[PDB]
Every structure is written in C-alpha cells, then in structure tokens.
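Laid out below as structure tokens are two forms of one and the same protein chain, each shown alone and named structure 1 and structure 2.
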Structure 1
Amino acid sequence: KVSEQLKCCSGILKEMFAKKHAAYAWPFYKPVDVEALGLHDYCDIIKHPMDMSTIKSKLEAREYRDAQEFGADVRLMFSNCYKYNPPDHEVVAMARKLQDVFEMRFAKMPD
C-alpha cells in the first residue's frame, strides 16, 4: 500500500532517468556542482539542494516514509531550479518538461 506507492515512486524516478527524457532531464541527474564557474552563490540562495541521484539513494535506503515524502524531494529539486535560475534560462524550460512527466505519473499513482 505504502509499499506499493513507494514501488511506483521508484518506477517514476526510473522513467525520469530514461533515455526518452535525457535531453531535458540531464541537469537534474546529479547534485549541482557548487564549485563550477557561476555557482559561487548557489548555497547562499538554495538552503536544501536536491537532485535525482540523491532521491534514488534515499529510496534505496528506504528514507521516504511514503510517496508524499518522495514527491516533496522531487518538487524541492524543481523549486530550487526555479528559485536560483533566471526565469528565461533554458534550464527552467528543461525543469518544466521533466516536472510535466513527474506530475502526470505522480498524479496517476493508485491510492
């Protein structure tokens, strides 16, 4: 039940990682590299970084009590992107495309 919803979450994150979505999902695969040129202020702006690899690790370590906790982290990931980046930045458009995939699957999780 919660077990079933957590399995659904794993499939969702699996699809997010799939070749199908790779053209827009790739910036979200790994933590933001705060040592990269231009990101020297990232941690000043973003208090709680999150990325898909970290989410994968947390699912695998059974650190989400339920699908709502999983969803919170996925949304945190997107919101950090919307907060930090200029609203016309290509990465914001990419985030939206990936979020469309997530929201549609997450909505259709049986309950």
Structure 2
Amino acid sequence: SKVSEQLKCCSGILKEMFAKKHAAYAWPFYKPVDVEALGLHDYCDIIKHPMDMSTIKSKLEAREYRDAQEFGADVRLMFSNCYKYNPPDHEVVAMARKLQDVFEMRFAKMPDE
C-alpha cells in the first residue's frame, strides 16, 4: 500500500535522525525535555503538547500514524515547541534547525505514488 511504503520512509527518516552522524545536534531531542532536571518551571505553561523522537518512535511502532502527514506533524511539533519556548539565539535552537534540515530534505523525497 502507498501508506505502508510512506510509513517505511518515515521509519527510515527517524532512524537516520537517531544515527551517530547527526548525534552532535540531534541528542537533546532524543527523549522528552526533562523539565524537572533542567529547572524549566514555565515549560508546561508555555508548551501544550511536548514531543520528542522517542515518543515518535513509540507511536510509529504502535501504528498510531495513519500516514506520512501524521508522522510529519509530530516531527514539526517537536521543532515548533523548541522555536516557541527557547530564545532564538539559544544553542538548542541552532541544533533544532540542523536536525530539521536533515528531516525536511529526506521527508521531501517521500514516495508520491
């Protein structure tokens, strides 16, 4: 099915996002932001739907995403939360932009038929 194939591409993109070659900028997105350990007392107030790569991985496996668009929405939610909460000069934002570039360039090759 077109959907099965799209999901495989999504699985491949997320696997690449976890790969050692991208770890220097991907690592802060591997798991949910630990608001307690980082002392981000206002994070929950500011961000309504936290998202991270391990959460996306778990959702893909459980077959939560019906298609590439649903999967893409959660990847873009992860980056948007970073752009929303952090000051634009924060290092983590620079890292988000590098990981988003890897994501967008490969997600743009999604099979179209």
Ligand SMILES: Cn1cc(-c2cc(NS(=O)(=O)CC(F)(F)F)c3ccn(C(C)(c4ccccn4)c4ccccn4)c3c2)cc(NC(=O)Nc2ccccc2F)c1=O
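Residues that one form lacks are left out of the comparison. Basically, rigid core = biggest C-alpha set you can superpose within 1.5 Å across the two forms. Residue positions are counted from 1 along structure 1's sequence.
TODO: Give me a 1 or a 2 for the form deposited without this ligand.
DONE: Structure 1 is the one deposited without this ligand.
Task: Distance moved by the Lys58 C-alpha between the two structures (core-aligned, Å) - done: Looking at the C-alpha of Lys58 between the two structures, the offset is 0.1 Å.
Task: Core-aligned Cα shift of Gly38 between the two structures, given in Å - done: Spelling it out: core superposed, C-alpha of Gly38 shifted, distance 3.2 Å.
Task: Residue ranges moving between the two structures (criterion: at least three consecutive CA positions shifted 2 angstroms or more, core aligned) - done: Run 36 to 38 stands out as the only one displaced between the two structures - at least 3 residues long.
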